Amino acid sequence: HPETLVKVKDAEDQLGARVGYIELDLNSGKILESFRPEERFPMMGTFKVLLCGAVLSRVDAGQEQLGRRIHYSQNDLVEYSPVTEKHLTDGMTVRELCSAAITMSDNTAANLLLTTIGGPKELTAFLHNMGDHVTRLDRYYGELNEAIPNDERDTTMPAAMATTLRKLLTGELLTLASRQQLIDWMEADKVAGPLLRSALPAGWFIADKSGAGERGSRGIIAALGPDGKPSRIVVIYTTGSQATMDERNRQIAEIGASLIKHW
């Protein structure tokens, strides 16, 4: 994808930052194109899809129920909890929590779900067990933010994340019901408008999950395709930029426009 690689490298120039990129064929798993596929980037909230994959594996095993109601309190609420902060009294079901975590990127929802699966170490063990020896979740939201240079906590690589997303959405790891639920939550994503969705022509399918973080971090994982059906996985990460979120959004959108134009 020569024109798209030109745009990915341009994004690095414009942002003064690293950009990682991969296109993966959904059906075959082949890498169609990549840039920095095996460099680490902060995952940010894109891990929330993997988290709910782990939750669904427990549901499939009969050890979790999507309808199970979880009660929590004020002290559970962390920064950016637009859905969970409304249900202190009523609580929320596991299904509602995954919807909040994926479609709104609700941070308390992610913490509550992490607790149900045994925490970050158990999520990382789940990933390791399905063949991803790279992606690691280390911290709950709200844990102390001691800046470490080249911090490897809470990171993935574009190729690892793309392969792992493909396995979750199409592999035999999850039941059909759970695969469909996971992609349905991603299709209902509400906070990724200015990224790939802004470049997407009418009639196209997209299921995605955005992320944002300090130090210029911004990213998206997606399954998308024309004619109402996904046929490709796209993963884009950037970190290090001093640019505003608008500028990072725009570079990702422009990569998306190139992706679509040269589909």
Side-chain angles (χ1 to χ4, degrees), residues 1-44 46-47 49-50 127 130-135 155-171 183 186-187 189 192-201 203-212 216-241 243 247-263:
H1 311 189
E3 289 88 335
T4 301
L5 285 179
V6 162
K7 179 59 225 179
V8 170
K9 292 176 178 163
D10 180 59
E12 289 209 332
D13 285 330
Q14 295 267 282
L15 296 179
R18 290 187 305 127
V19 174
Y21 178 77
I22 191 159
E23 291 177 47
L24 208 72
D25 186 284
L26 185 56
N27 273 18
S28 71
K30 50 210 179 64
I31 300 174
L32 303 174
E33 190 54 86
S34 72
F35 189 72
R36 307 189 187 278
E38 297 187 284
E39 297 189 26
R40 285 180 170 86
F41 294 83
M43 264 193 300
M44 308 156 291
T46 63
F47 90 90
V49 168
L50 309 188
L127 296 171
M130 55 179 293
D132 187 341
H133 300 348
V134 168
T135 304
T155 58
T156 192
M157 299 173 176
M161 175 59 74
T163 302
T164 288
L165 181 61
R166 177 174 172 267
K167 289 175 188 161
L168 288 172
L169 297 185
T170 67
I183 201 169
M186 292 177 69
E187 187 181 18
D189 191 5
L195 304 177
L196 294 177
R197 285 166 185 272
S198 68
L200 194 76
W204 284 58
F205 175 99
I206 188 166
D208 60 7
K209 177 78 197 77
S210 62
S217 297
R218 186 60 157 153
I220 184 165
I221 68 178
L224 80 171
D227 314 305
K229 302 193 179 70
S231 67
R232 200 171 304 184
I233 280 167
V234 172
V235 171
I236 310 170
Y237 289 110
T238 183
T239 193
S241 185
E247 287 145 10
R248 287 170 270 160
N249 293 344
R250 175 178 132 244
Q251 291 309 312
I252 292 171
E254 288 181 10
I255 292 166
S258 186
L259 164 75
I260 297 306
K261 181 175 182 212
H262 292 280
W263 189 254

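Side chains included, hydrogens not; waters and symmetry mates left out as well; all remaining heavy atoms used. This chain uses plain numbering: 1 for the first residue, then up along the sequence.
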> Can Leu32 and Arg232 be said to form a side chain to side chain contact (heavy atoms under 4.5 Å, CB included), step by step?
Replying inline: CA-CA 9 Å; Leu32 303 174; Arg232 200 171 304 184; 3.6 Å; yes
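By the salt bridge (charged side-chain N to carboxylate O under 4.0 Å, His left out) test, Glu247 pairs with no residue at all, sequence neighbours left out. Taking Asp10 as the reference, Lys7 meet the side-chain hydrogen bond (donor to acceptor under 3.5 Å, both in side chains) condition, with sequence neighbours excluded. Judged as a salt bridge (charged side-chain N to carboxylate O under 4.0 Å, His left out), and not counting sequence neighbours, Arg166 has no contacts. Judged as a side chain to side chain contact (heavy atoms under 4.5 Å, CB included), and not counting sequence neighbours, the contacts of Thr163 are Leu24, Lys167. For the salt bridge (charged side-chain N to carboxylate O under 4.0 Å, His left out) test, no residue two or more places apart in sequence or in another chain qualifies with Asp132. For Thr46, the side-chain hydrogen bond (donor to acceptor under 3.5 Å, both in side chains) partners at least two apart in sequence or on another chain are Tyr237.
Atom-to-atom distance recorded for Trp263:CH2 and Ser258:OG is 12.0 Å, nearest 0.5 angstrom. To the nearest 0.5 Å, atom CG of residue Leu50 and atom CG of residue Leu165 are 7.5 Å apart.
Considering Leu259, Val8, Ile221, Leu196 in turn, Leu196 is the only one that fulfils the side chain to side chain contact (heavy atoms under 4.5 Å, CB included) rule with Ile236.
We find that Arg18 and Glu12 are not joined by a salt bridge, their nearest charged nitrogen and carboxylate oxygen being 4.0 Å or further apart. With respect to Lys209 and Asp189, no salt bridge is recorded, no charged nitrogen being found less than 4.0 Å from a carboxylate O.
Heavy atoms from other residues, nucleotides or ligands lying under 6.0 Å from CG of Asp13 number more than 12.
The side-chain tip of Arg197 does not point at the ring of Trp204 from less than 6.0 angstrom away and within 45° of straight on.
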